[PDB]
Amino acid sequence: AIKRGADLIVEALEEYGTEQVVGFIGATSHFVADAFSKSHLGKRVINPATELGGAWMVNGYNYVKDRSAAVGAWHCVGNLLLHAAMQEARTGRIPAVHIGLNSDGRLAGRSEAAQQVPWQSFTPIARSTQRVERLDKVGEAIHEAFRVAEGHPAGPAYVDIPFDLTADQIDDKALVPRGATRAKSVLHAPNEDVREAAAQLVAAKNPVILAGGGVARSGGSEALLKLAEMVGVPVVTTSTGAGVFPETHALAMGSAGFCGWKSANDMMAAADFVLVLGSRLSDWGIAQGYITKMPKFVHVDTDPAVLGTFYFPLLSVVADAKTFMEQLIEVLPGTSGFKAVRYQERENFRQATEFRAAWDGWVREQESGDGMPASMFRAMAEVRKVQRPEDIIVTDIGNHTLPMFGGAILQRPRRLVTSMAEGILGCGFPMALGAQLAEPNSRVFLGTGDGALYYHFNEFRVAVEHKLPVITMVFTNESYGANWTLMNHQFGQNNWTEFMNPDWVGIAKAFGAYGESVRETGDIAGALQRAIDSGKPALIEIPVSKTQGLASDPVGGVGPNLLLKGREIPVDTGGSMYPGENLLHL
Amino acid sequence: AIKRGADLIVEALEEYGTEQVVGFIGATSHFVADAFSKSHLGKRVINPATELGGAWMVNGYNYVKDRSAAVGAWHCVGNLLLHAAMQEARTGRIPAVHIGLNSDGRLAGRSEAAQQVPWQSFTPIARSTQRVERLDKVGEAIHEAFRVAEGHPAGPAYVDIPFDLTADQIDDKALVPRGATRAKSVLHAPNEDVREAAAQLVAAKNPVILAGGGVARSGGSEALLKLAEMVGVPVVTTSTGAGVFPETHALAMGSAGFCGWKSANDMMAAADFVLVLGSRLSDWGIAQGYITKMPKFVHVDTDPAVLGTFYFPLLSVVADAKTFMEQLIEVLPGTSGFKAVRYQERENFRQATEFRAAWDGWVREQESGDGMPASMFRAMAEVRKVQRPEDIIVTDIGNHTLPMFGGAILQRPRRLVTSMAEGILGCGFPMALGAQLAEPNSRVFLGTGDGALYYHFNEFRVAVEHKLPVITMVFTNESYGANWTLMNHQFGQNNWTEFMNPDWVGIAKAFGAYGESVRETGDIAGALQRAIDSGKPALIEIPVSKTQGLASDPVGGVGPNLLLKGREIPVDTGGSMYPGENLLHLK
Amino acid sequence: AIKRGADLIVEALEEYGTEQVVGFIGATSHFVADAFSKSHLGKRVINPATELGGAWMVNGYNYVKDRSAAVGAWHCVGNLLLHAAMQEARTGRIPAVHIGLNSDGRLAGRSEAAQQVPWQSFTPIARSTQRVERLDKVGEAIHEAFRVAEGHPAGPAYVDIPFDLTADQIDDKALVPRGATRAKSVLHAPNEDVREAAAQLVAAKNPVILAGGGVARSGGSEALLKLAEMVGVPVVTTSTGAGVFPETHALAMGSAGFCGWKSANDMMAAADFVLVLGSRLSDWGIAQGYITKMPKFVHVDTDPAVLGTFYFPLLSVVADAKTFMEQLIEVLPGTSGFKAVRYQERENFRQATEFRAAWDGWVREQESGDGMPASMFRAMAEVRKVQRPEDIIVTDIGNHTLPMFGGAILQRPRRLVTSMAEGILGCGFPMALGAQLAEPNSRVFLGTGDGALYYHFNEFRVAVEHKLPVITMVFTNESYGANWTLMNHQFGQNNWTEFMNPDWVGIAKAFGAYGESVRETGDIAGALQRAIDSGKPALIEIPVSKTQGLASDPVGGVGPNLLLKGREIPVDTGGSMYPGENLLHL
Ligand SMILES: Cc1cc2nc3c(=O)[nH]c(=O)nc-3n(C[C@H](O)[C@H](O)[C@H](O)COP(=O)(O)OP(=O)(O)OC[C@H]3O[C@@H](n4cnc5c(N)ncnc54)[C@H](O)[C@@H]3O)c2cc1C
Ligand SMILES: Cc1cc2nc3c(=O)[nH]c(=O)nc-3n(C[C@H](O)[C@H](O)[C@H](O)COP(=O)(O)OP(=O)(O)OC[C@H]3O[C@@H](n4cnc5c(N)ncnc54)[C@H](O)[C@@H]3O)c2cc1C
Ligand SMILES: Cc1cc2nc3c(=O)[nH]c(=O)nc-3n(C[C@H](O)[C@H](O)[C@H](O)COP(=O)(O)OP(=O)(O)OC[C@H]3O[C@@H](n4cnc5c(N)ncnc54)[C@H](O)[C@@H]3O)c2cc1C
Ligand SMILES: Cc1ncc(C[n+]2csc(CCOP(=O)(O)OP(=O)(O)O)c2C)c(N)n1
Ligand SMILES: Cc1ncc(C[n+]2csc(CCOP(=O)(O)OP(=O)(O)O)c2C)c(N)n1
Ligand SMILES: Cc1ncc(C[n+]2csc(CCOP(=O)(O)OP(=O)(O)O)c2C)c(N)n1
Ligand SMILES: [Mg+2]
Ligand SMILES: [Mg+2]
Ligand SMILES: [Mg+2]
Ligand SMILES: [Mg+2]
Ligand SMILES: [Mg+2]
């Protein structure tokens, strides 16, 4: 059949499992938007306020799905706003296909052309960047983008298609590749690696299992619970792993790291051995600025590139996390030293339950205070009173990150969402809409800073029009609080950190969202209830302090050290001059 | 002599004429922000709601100054939001220096590092991209960035500095290059080229002078007025040149192009010869999608890359526009065929005034009607009643761009501001705030679509805190109106074009800005008076049609052609298969 | 200890298993060459005639070793000659670390600087490109280059180091990373993928096993022989797989492809099922220009990126080749339909032995003719008379490639060497020296075209000085014969294909190598014997025809189709003009 390039793009997206499109109109995306109107996928298109906002919605959607189920489709110069959200998708292992419709290929390369987008600007960011030159390559390029996005590591793929190819027509026989099969990711380890891992776990005096986001992608929750109870070993997570182990369990120490739970950081500091499953041991995760001293450890990942890149393990294993844990459970009964004992009766149990008890006690102190300005831990205690096991907690980047991570007690995977890998401010609100779209039976609670919300609150348009009932708490301190605190620490003085807020209640109301301030009442519980009862997206304005959280609270972290001291650098004495220095010698 | 890298960065910026910093705080820009607090630039700091809004402010400030007077200074990952503004700066010839402070150079190249920004993403966009490796190269790199940025052509320069270098200390002797005098840009043309141009101009039956952006940069307004009156030749502009020739003059035909004045397009279609001064003859300018047929022409520019790249001139001249006009003025009296008569007495004068009067009559007609929805041409007629020669008109991108350009009647250079080169949606409000900052005693009027305003109205924080009293009119139609109109024409149906507006008055009021809707009054005149009287940034909501403007109004345009017909493309029958096609051959 | 950057580079190379350095001197490599003189590795440095020649020696060395055992180290502007050999290492999966010493970092970025090498020119080629900014990062960068080079896929890694860092000094504590462990590559498949593969093999009427270079990297020869005899299935290889199965076995069909053995191409055309092990199914390999129609197949690779990229398998499996084959052998006895029968008694045996017999018969016809000009198949028959099982056959790119591939009958892996992935002319001679250096108990026989040998015969310097007794046959036809033939086919006329040769015997003699022409004698057997007896590198000049081989001989290929016909392309009618067209409308 003769079809337009635009029709073929839509066909390819459908064929590879696309569920949601986030799209922006302009002359170069007109044929694509028309094609979409004639197809199933056309019923699910979000038109965002900005392309960057839309790109964050893709990331929030796909983060919780672990596939490229949301796809961006953008008019040429709109693609120029993608890079920040794309960089998060790359280091954060978020599958994300973006299709940019560039201007007419006939005008490419002409110096005075308009809206010829430099697609090569994505080469250092996307896991795959393709410029499509020929109509008969559109299906093949889209196929390749999805293979790349959904591989190990997951990440973003950018496809640049000059829009004249979307208007042109071609016979479609075999053009969109069909019948594609994927290899399983259930990679098994060799018996001897399994036995060695088991023997170390058994011989350790104070082992820990460290479960990262890979355990979530793996589906390894059930095997992890079994394993930990069988060996009687406390479980620490990364922030992307949090919730793969029920955080109300006695062996649950929570997440390690600089914004994590002190019980986890204590347990990591006390451990003599760690079994790491599905973690990349990253800079703002377990590495803490590459300061963390890891105990002897076994490291199991599906991505060989993360194994041994910085931390040298006792043993590295290329295996799926669930599968590895299943292999361990089978081998443990024939492992020298293993005794089947209730985890409560093991000798390491009391130390772990002590660490968790002290952390819980500290959290209870943080959340117990009444009144205004509010504790962000108190705000999270109120959320927990109305929270379901499938609900999603979203945060932005700032002081507020710490109380959000600390007051989230999670029972399922992929329920904690932010710009994890890159810490890009403004991510929260639009990632929350993305997650809501992907998970319509989850209530989505976002705790955002005021500096953060300033970025993409324009997307209340999308929250209102698509009836996405995200409950947003905006923590107001009229400051970039983390920056305030860190400057205060480093210099004893802050600069560029202070600003005015609008009447956020008034902003919400102007969009037709639910709005309420607790500034005078302190009634967070009632504000949450009325917000939930409205059925609308909601904004609850909650004044807090400039310093509570990431930059001040002691949770046992050791880094990252962003507060450098300098070094004195020797001048170059080799005899060569500086530019302009010739005039000094005259 | 002993200084931190952060102090040397500040010292270099001050040395090369920086007047305004637009900066964004974070763990990598902490040192820089501290150093700036020790400088007189410390009081001239704008902290924008987002780095992209800030980068648009940089573009608006520098567009009106023709130098990199405003500089950006950004925490590592905020640099990832710059690309769209930076691309307009590149093709739009706006000088712009951006300093990105990256994360620690010790952590660079680690696969699991956080906030290590891929500075290489700027290589295809900036006219200069540098990654500084060494503390003793920071002054040198910044010097180079200004050299590129304020060259011919002007554009953006990006410098990536790992922030450990900003904390490190070094003896500062000779580190910041100082005391350069740049080359003059008053390039003279050869005598023979000036005399050939004079002879073409005199021999033409119906000549036109086309003045672009380059005439504004050259400071050539006075020379142009003298040349145009002395030969009696009508003047056509590009949108960036508009105002270099007073548009109330009898010889002013306005701007040619698809959102230009019909008088200018009528003139261009009637001319037998064009003298092109400081125009790049661009896709969305004079070329109109490379469909415009140019008459025989002489092309004078300082940038040889634009001369003969697409349209082949009769004669190409590398020279400064002002300087060339001066040279022409001096040779014309000795040029065979020249006659010294008042421009009103030439026979070509009548046709030009007819073209201008028919255009003015059409504009008068678009101004009439009342009440609701209102005409955007009516909105501009009300602005003109309150507008002084030094005041600035800003627009965003969409249907509304055409009445903003058609309703702007300008008497000075650099008074019409937008994302000219790239038509990046959203640009209007923050570029207007940048322009206001550059000219605190000019009034700045913005006409913006509702789609457009949605991008960076968050920068009302900056407008309110810094008391930048931009007068913004937001044209409401609950639509990407251009898309609605054109998609209906292409396909019989619009898609992805419609959206809800907030209560725009309520948004302004929530920021502390002046807000008023004319939905129930039609009282644009009174709204403008009250907005001006408020002394605050102001937002006036004006309901408009989905169709008025760019997608609907005939102004003599021939292009561009974005509403493509397909071609049917032959399949490759050489024997190579598609991916997956192996499955289709299994019997 | 305070050490120079140069000393630290040498330390890192030693620590990561470097055996051979190929190095070129200049002001920027002076400190490195000095450091090398003070260390074990300094005894093994080849100084080549050119950096490109040297880069091919790295590729020949590392091709046969399957690790980055040879390393390039180059003065700044010398690195500009690397790109061709580096591109082969990338698509050809050859591990190769190259260290470029750039000019002084103080002069970087200055427009009028000399010898500031644009290291970004390697970004699109190397699997990893790093520019080192800081002395304390030299060890870490070299560590990362080796992890990358020796991963799956293998490939080149480029490290650019401004030479001032090689002269500078730093305390060395922990600077070079030590104690690095690698994950095994013995990835196991899930039981159900194994059982499904076994069931298909058993149920097939005419199965084939296709073994690629991955079987060589895997060490899978023994398991392959067992498997094939157990199921009674004929074995086809790729050209990089050739020799993983003894090519004198009754089930050995040889290599498929456009320069392969007709028995293999027949068997592929007759097969109803293929089990593909360690092959990427490439353009100039099995795909034959993407024209080859693959039967239903199972595809097993360690690199998920090759699985399903073009050919859609019945099943894709991420597993090590040897391990997979071991798993199959275990599962086969409990697989429905399997009967233990001598492979000679299976029903498919007669068809396979017929295909091989016809091919052998054709080869015997090609090699039997006496006299001059010579058959290149006759030349390969003479090599076979003096050939050991560990000997290496090298070829360059041309008509001569086909007889070289056809007349090589191999019994061990990694014995057939050329620019396999990219077909870059001139590769042969220097790759042969590289292979000789890596394998000093192998005799290395190169059959090269005259157009090919012209590139890097300057490296006879290296062959003579290091006593590398490569036996080179130069096939003279005074032409780029493959080009002659293909132009003749396409146009009926050739252009740019003809040239003069020097007296090649005289060239060899001028270097102190052994030289002999068979132009008058036809005595290839005696020339080989005297060349071998000399103990020197040798050149034997052998006139041949312009057309024998790749471009003419029927071996059952179907592609690639480089002889396109064109299509008529519609003009653009949208109304926009060409540059300069304005003058046509005047
Ligand atoms: C302000 C801020 C504060 C933060 N604080 C913390 C903190 O305190 N603690 C913290 O942990 N993080 C924190 N982060 C997040 C941190 O930056 C990283 O995003 C996070 O630590 C990475 O988690 P991970 O190591 O589990 O790997 P991920 O990024 O989740 O990647 C998944 C890993 O699992 C592997 N994998 C995938 N699938 C499988 C499978 N099937 N089998 C095996 N392996 C698989 C992948 O190859 C990869 O190595 C913070 C972020 C910010 C912005
Ligand atoms: C929606 C939309 C509609 C538009 N419609 C129109 C329209 O109708 N008409 C129109 O013209 N534009 C239009 N534009 C703008 C258009 O895209 C270009 O930005 C504009 O035409 C470029 O102007 P210019 O050719 O004068 O060159 P500029 O971009 O202003 O560049 C300046 C030129 O002069 C040169 N120069 C600089 N200094 C000197 C000197 N001292 N001496 C000599 N030469 C010098 C430079 O090298 C360069 O060639 C539109 C844009 C948008 C987004
Ligand atoms: C003139 C010329 C003619 C040619 N003619 C032919 C021809 O007729 N036939 C032919 O085959 N080639 C031919 N080639 C070579 C061809 O271009 C390719 O280089 C070759 O076919 C690739 O072999 P391969 O598919 O085995 O993969 P390789 O390039 O050898 O790559 C190895 C593959 O095995 C995998 N692998 C690596 N280790 C393991 C492991 N442990 N377990 C599992 N998998 C692993 C890798 O991921 C990869 O997919 C020719 C080249 C030239 C220049
Ligand atoms: C795009 C971007 N710009 C700047 C920063 C630096 N940054 C990190 S946290 C932060 C503070 C955010 O302020 P707010 O959202 O109000 O949260 P608070 O610290 O007050 O809780 C800043 C400015 C960043 N990470 N990303
Ligand atoms: C970043 C970006 N996204 C999309 C476009 C395509 N585009 C061009 S004009 C326009 C319409 C703008 O709508 P509005 O501001 O409401 O103006 P109207 O057309 O209604 O006057 C769009 C979506 C663009 N140029 N830039
Ligand atoms: C670097 C390079 N240049 C050109 C070619 C194109 N090419 C491929 S085979 C060949 C013929 C080589 O001639 P020769 O070595 O004499 O071998 P013959 O075909 O005569 O056997 C040519 C020119 C190539 N592959 N690589
Ligand atoms: Mg479907
Ligand atoms: Mg805040
Ligand atoms: Mg609108
Ligand atoms: Mg050793
Ligand atoms: Mg030849």
# chains A, B, ... in the order shown; residues from 1 in each chain; ligands from 1
>>> residues_near_ligand(ligand="ligand 5", cutoff="9 Å", atoms="only C-alpha atoms and all ligand atoms", output="MDAnalysis selection string")
(chainID A and resid 24:29 50:51 74:81 115) or (chainID B and resid 84 396:402 422:427 448:455 474:485 497 544:551)
>>> residues_near_ligand(ligand="ligand 6", cutoff="9 Å", atoms="only C-alpha atoms and all ligand atoms", output="ChimeraX atom specification")
/C:84,396-402,422-427,448-455,474-485,497,544-551
>>> write_last_selection(atoms="C-alpha atoms", output="PDB file, in the first residue's frame")
ATOM      1  CA  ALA C  84      41.765   3.386   9.208  1.00  0.00           C
ATOM      2  CA  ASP C 396      44.897  -8.560   1.708  1.00  0.00           C
ATOM      3  CA  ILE C 397      41.744  -7.234  -0.018  1.00  0.00           C
ATOM      4  CA  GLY C 398      41.111  -8.021  -3.715  1.00  0.00           C
ATOM      5  CA  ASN C 399      40.485 -10.751  -6.260  1.00  0.00           C
ATOM      6  CA  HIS C 400      43.151 -12.699  -4.402  1.00  0.00           C
ATOM      7  CA  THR C 401      41.015 -12.808  -1.209  1.00  0.00           C
ATOM      8  CA  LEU C 402      38.831 -15.560  -2.651  1.00  0.00           C
ATOM      9  CA  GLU C 422      36.178  -3.122   6.782  1.00  0.00           C
ATOM     10  CA  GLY C 423      38.175  -4.506   3.788  1.00  0.00           C
ATOM     11  CA  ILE C 424      40.867  -1.761   4.084  1.00  0.00           C
ATOM     12  CA  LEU C 425      43.555  -2.233   1.440  1.00  0.00           C
ATOM     13  CA  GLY C 426      47.202  -2.606   2.566  1.00  0.00           C
ATOM     14  CA  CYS C 427      46.312  -4.342   5.875  1.00  0.00           C
ATOM     15  CA  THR C 448      48.894 -10.274  -1.084  1.00  0.00           C
ATOM     16  CA  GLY C 449      47.921  -8.351  -4.124  1.00  0.00           C
ATOM     17  CA  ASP C 450      50.350  -5.958  -5.681  1.00  0.00           C
ATOM     18  CA  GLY C 451      48.055  -2.964  -5.146  1.00  0.00           C
ATOM     19  CA  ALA C 452      47.840  -4.013  -1.507  1.00  0.00           C
ATOM     20  CA  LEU C 453      51.566  -4.536  -0.885  1.00  0.00           C
ATOM     21  CA  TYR C 454      52.255  -1.065  -2.217  1.00  0.00           C
ATOM     22  CA  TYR C 455      50.792   0.417   1.014  1.00  0.00           C
ATOM     23  CA  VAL C 474      52.919 -11.062  -4.047  1.00  0.00           C
ATOM     24  CA  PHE C 475      50.448 -11.834  -6.816  1.00  0.00           C
ATOM     25  CA  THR C 476      51.248  -9.522  -9.692  1.00  0.00           C
ATOM     26  CA  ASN C 477      48.784  -8.483 -12.321  1.00  0.00           C
ATOM     27  CA  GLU C 478      49.645  -4.721 -12.502  1.00  0.00           C
ATOM     28  CA  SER C 479      46.149  -3.948 -11.562  1.00  0.00           C
ATOM     29  CA  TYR C 480      43.567  -3.445  -8.877  1.00  0.00           C
ATOM     30  CA  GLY C 481      42.111  -6.626 -10.224  1.00  0.00           C
ATOM     31  CA  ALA C 482      38.877  -6.740  -8.306  1.00  0.00           C
ATOM     32  CA  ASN C 483      38.139  -3.204  -9.474  1.00  0.00           C
ATOM     33  CA  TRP C 484      39.087  -4.079 -13.075  1.00  0.00           C
ATOM     34  CA  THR C 485      36.651  -6.996 -13.038  1.00  0.00           C
ATOM     35  CA  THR C 497      42.743   0.327 -12.148  1.00  0.00           C
ATOM     36  CA  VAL C 544      48.652 -14.206 -11.872  1.00  0.00           C
ATOM     37  CA  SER C 545      45.580 -13.077 -13.922  1.00  0.00           C
ATOM     38  CA  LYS C 546      43.628  -9.760 -13.591  1.00  0.00           C
ATOM     39  CA  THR C 547      40.351 -11.592 -12.975  1.00  0.00           C
ATOM     40  CA  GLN C 548      40.836 -14.830 -11.013  1.00  0.00           C
ATOM     41  CA  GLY C 549      39.100 -14.672  -7.683  1.00  0.00           C
ATOM     42  CA  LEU C 550      36.593 -12.508  -5.726  1.00  0.00           C
ATOM     43  CA  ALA C 551      34.988 -10.748  -8.680  1.00  0.00           C
TER      44      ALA C 551
END
>>> residues_near_ligand(ligand="ligand 1", cutoff="7 Å", atoms="only C-alpha atoms and all ligand atoms", output="VMD selection string")
(chain A and resid 91 to 93 152 to 153 185 211 to 215 217 to 218 237 to 241 255 to 260 277 to 286 300 to 303 306 319 to 322 397 to 398 401 419 to 423) or (chain B and resid 114)
>>> write_last_selection(atoms="C-alpha atoms", output="PDB file, in the first residue's frame")
ATOM      1  CA  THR A  91      22.635   8.132  33.323  1.00  0.00           C
ATOM      2  CA  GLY A  92      19.391   7.157  35.063  1.00  0.00           C
ATOM      3  CA  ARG A  93      18.737   4.144  32.820  1.00  0.00           C
ATOM      4  CA  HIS A 152      20.867  -3.130  29.192  1.00  0.00           C
ATOM      5  CA  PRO A 153      21.649  -0.348  30.051  1.00  0.00           C
ATOM      6  CA  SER A 185      17.411 -11.061  30.282  1.00  0.00           C
ATOM      7  CA  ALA A 211      19.662  -4.127  46.391  1.00  0.00           C
ATOM      8  CA  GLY A 212      19.561  -1.448  43.718  1.00  0.00           C
ATOM      9  CA  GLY A 213      17.184  -0.452  40.908  1.00  0.00           C
ATOM     10  CA  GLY A 214      18.247  -3.477  38.951  1.00  0.00           C
ATOM     11  CA  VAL A 215      16.304  -5.655  41.462  1.00  0.00           C
ATOM     12  CA  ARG A 217      13.828  -4.039  36.780  1.00  0.00           C
ATOM     13  CA  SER A 218      14.524  -7.723  37.392  1.00  0.00           C
ATOM     14  CA  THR A 237      18.830  -0.368  49.158  1.00  0.00           C
ATOM     15  CA  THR A 238      19.751   2.401  46.752  1.00  0.00           C
ATOM     16  CA  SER A 239      17.075   5.129  46.256  1.00  0.00           C
ATOM     17  CA  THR A 240      15.935   3.448  43.031  1.00  0.00           C
ATOM     18  CA  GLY A 241      15.882   0.041  44.843  1.00  0.00           C
ATOM     19  CA  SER A 255      18.482   3.164  51.646  1.00  0.00           C
ATOM     20  CA  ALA A 256      22.112   4.048  52.084  1.00  0.00           C
ATOM     21  CA  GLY A 257      23.576   7.333  50.844  1.00  0.00           C
ATOM     22  CA  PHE A 258      23.813  11.057  51.694  1.00  0.00           C
ATOM     23  CA  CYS A 259      19.995  11.470  51.617  1.00  0.00           C
ATOM     24  CA  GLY A 260      19.250   7.982  52.901  1.00  0.00           C
ATOM     25  CA  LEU A 277      22.595  -6.788  43.334  1.00  0.00           C
ATOM     26  CA  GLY A 278      21.566  -4.469  40.542  1.00  0.00           C
ATOM     27  CA  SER A 279      23.371  -1.335  41.639  1.00  0.00           C
ATOM     28  CA  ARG A 280      25.850   0.841  39.705  1.00  0.00           C
ATOM     29  CA  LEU A 281      27.435   2.210  42.974  1.00  0.00           C
ATOM     30  CA  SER A 282      27.075   5.737  41.743  1.00  0.00           C
ATOM     31  CA  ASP A 283      28.434   9.203  42.669  1.00  0.00           C
ATOM     32  CA  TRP A 284      25.269  10.502  44.373  1.00  0.00           C
ATOM     33  CA  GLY A 285      24.225   6.981  45.420  1.00  0.00           C
ATOM     34  CA  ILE A 286      26.378   4.475  47.362  1.00  0.00           C
ATOM     35  CA  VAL A 300      26.101  -8.929  40.270  1.00  0.00           C
ATOM     36  CA  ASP A 301      24.765  -6.910  37.336  1.00  0.00           C
ATOM     37  CA  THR A 302      23.489  -7.404  33.840  1.00  0.00           C
ATOM     38  CA  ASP A 303      25.726  -4.552  32.574  1.00  0.00           C
ATOM     39  CA  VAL A 306      29.333  -1.102  35.797  1.00  0.00           C
ATOM     40  CA  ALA A 319      23.763 -12.196  35.856  1.00  0.00           C
ATOM     41  CA  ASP A 320      20.144 -11.170  36.249  1.00  0.00           C
ATOM     42  CA  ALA A 321      19.413 -10.199  39.881  1.00  0.00           C
ATOM     43  CA  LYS A 322      16.292 -12.370  40.436  1.00  0.00           C
ATOM     44  CA  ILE A 397      15.986  18.359  44.073  1.00  0.00           C
ATOM     45  CA  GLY A 398      16.882  20.324  47.240  1.00  0.00           C
ATOM     46  CA  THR A 401      14.869  15.630  49.006  1.00  0.00           C
ATOM     47  CA  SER A 419      15.803  13.077  38.564  1.00  0.00           C
ATOM     48  CA  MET A 420      17.857  10.409  40.428  1.00  0.00           C
ATOM     49  CA  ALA A 421      20.991  10.286  38.276  1.00  0.00           C
ATOM     50  CA  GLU A 422      21.485  13.944  37.410  1.00  0.00           C
ATOM     51  CA  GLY A 423      19.634  15.982  40.110  1.00  0.00           C
TER      52      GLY A 423
ATOM     53  CA  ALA B 114      26.522  12.729  38.686  1.00  0.00           C
TER      54      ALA B 114
END
>>> residues_around(residues="residue 310 of chain B", least_positions_apart="4", cutoff="8 Å", atoms="only C-alpha atoms", output="PyMOL selection string")
(chain A and resi 110) or (chain C and resi 578-580)
>>> write_last_selection(atoms="N, CA, C and O atoms", output="CSV table (one decimal), in the first residue's frame")
chain,number,residue,atom,x,y,z
A,110,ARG,N,22.2,24.8,4.3
A,110,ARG,CA,22.2,26.2,3.8
A,110,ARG,C,22.5,27.1,5.0
A,110,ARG,O,21.8,26.9,6.0
C,578,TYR,N,17.3,26.2,-6.7
C,578,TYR,CA,18.7,25.8,-6.4
C,578,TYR,C,19.6,27.1,-6.2
C,578,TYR,O,19.3,28.1,-6.7
C,579,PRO,N,20.8,26.9,-5.5
C,579,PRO,CA,21.7,28.1,-5.4
C,579,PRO,C,22.1,28.5,-6.8
C,579,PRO,O,22.2,27.6,-7.7
C,580,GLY,N,22.2,29.8,-7.1
C,580,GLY,CA,22.6,30.3,-8.4
C,580,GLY,C,21.4,30.4,-9.4
C,580,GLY,O,21.6,31.1,-10.4
>>> residues_around(residues="residue 395 of chain B", least_positions_apart="6", cutoff="10 Å", atoms="only C-alpha atoms", output="ChimeraX atom specification")
/B:401-405,416-420,426-429,431-432,445-449,452,472-473
>>> residues_near_ligand(ligand="ligand 2", cutoff="7 Å", atoms="only C-alpha atoms and all ligand atoms", output="ChimeraX atom specification")
/A:114 /B:91-93,152-153,185,211-215,217-218,237-241,255-260,277-286,300-303,306,319-322,397-398,401,419-423
>>> residues_near_ligand(ligand="ligand 10", cutoff="10 Å", atoms="only C-alpha atoms and all ligand atoms", output="VMD selection string")
chain C and resid 11 13 to 19 40 to 41
>>> atom_distance(atom1="atom CA of residue 415 of chain B", atom2="atom CA of residue 393 of chain B")
6.0 Å
>>> closest_residue(among="C:370, C:543, C:309, C:460", to="residue 142 of chain A", atoms="only C-alpha atoms")
C:309
>>> atom_distance(atom1="atom CA of residue 99 of chain A", atom2="atom CA of residue 442 of chain A")
28.6 Å
>>> interface_residues(of="chain C", to="chain A", cutoff="7 Å", atoms="only C-alpha atoms", output="list in words")
residues 180, 181, 182, 183, 184, 186, 187, 188, 189, 190, 312, 315, 316, 317 and 318 of chain C
